[PDB]
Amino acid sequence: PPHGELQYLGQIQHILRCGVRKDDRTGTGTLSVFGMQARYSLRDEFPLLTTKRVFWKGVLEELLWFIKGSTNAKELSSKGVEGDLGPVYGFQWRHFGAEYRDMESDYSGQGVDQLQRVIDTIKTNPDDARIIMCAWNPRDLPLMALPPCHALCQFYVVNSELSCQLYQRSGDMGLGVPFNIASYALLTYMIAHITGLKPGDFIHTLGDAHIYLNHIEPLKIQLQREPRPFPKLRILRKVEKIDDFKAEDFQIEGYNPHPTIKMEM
């Protein structure tokens, strides 16, 4: 049974070999392929990539900040990772459809709590095919009426196992993708924990899968590296509500990665 990380490495190689030159909205060049998918088991292991050191603390702290529904940058930097960030992902997760005012405003009971709704739906009908939440790039919101989402997460339950599929309309393969694999795998562990299920698979699906030109050389070196067995993720405490999770509740065990690779943002 091959290491799950071989999928990521195969995809990078495929884009390098077969990808087409295409510019992003900033005009920076990429190599691009449309339509990709990879499946990472969450059963007794956690897919934090090992062919380079992934910044786990940032993954964990950022996700917890999303879950809080915060729109304050300072609330994130203080953890070690003015300040008003607008209706970012967290606000959309917990207060979907609410008119954003101030980051200091009170949004209690305003908008749709997509995150709690996913959890509530898992509890009331685990077979439901509508267990979905979506997020938008904030810049899209005033651009047009009813802009399309940037990403969606669909959840699925069978045999007491929770799976999650993340569809992103575009994915930065060098910098963004490894981080997001960890991030949504972590989210699935949290939701599984809350709903009394065990984690199953995390499936990552992309529209425009691209590599920035300045990431090509570092990525070619990363490809020469053999994956080490994935670590495990332990939740150290019995937790009842998703808002109750804290960074100290989580422990990554046996993470043995290759050295950090810097990719220019």
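Numbers for residues come from their place in the sequence shown, where the first is 1.
J.: Gap size between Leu141 and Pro142, counting deposited residues with no coordinates: none, 1 to 3, 4 to 9, or 10 or more?
T.: The entry has no unmodelled residues between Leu141 and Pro142.
J.: Using only the Cα atoms and their B-factors as the entry lists them, report which of 20-28 and 253-261 averages higher.
T.: The entry gives the higher C-alpha B-factor average to 20-28.
J.: Comparing 45-53 with 231-239, which has the greater mean CA B-factor as deposited?
T.: For C-alpha atoms only, the mean B-factor is higher in 231-239.
J.: Quiz for you: based on the deposited Cα B-factor, which of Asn180, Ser170, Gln116, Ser78 is highest?
T.: Reading the PDB entry, the winner on C-alpha B-factor is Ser78.
J.: Choose from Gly176, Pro148, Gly109, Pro126 the residue with the greatest Cα B-factor as stated in the PDB record.
T.: Answer, based on the entry's C-alpha B-factors: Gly109.
J.: By its CA B factor, does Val88 count among the lowest, middle or highest third of the modelled residues in the chain?
T.: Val88: CA B-factor falls in the highest third of its chain.
J.: Lowest, middle or highest third: where is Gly200 by Cα B-factor in its chain?
T.: Tercile = lowest for this residue's CA B-factor.
J.: Please rank the C-alpha B-factors of the chain's modelled residues and tell me whether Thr188 sits in the lowest, middle or highest third.
T.: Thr188: CA B-factor falls in the lowest third of its chain.
J.: Report the third (lowest, middle or highest) to which the CA temperature factor of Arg39 belongs, ranking only the modelled residues of the same chain.
T.: It falls in the bottom third of the chain.
J.: Taking the chain's C-alpha temperature factors as the reference, tell me which third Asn137 falls into: lowest, middle or highest.
T.: CA B-factor rank for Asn137: middle third.
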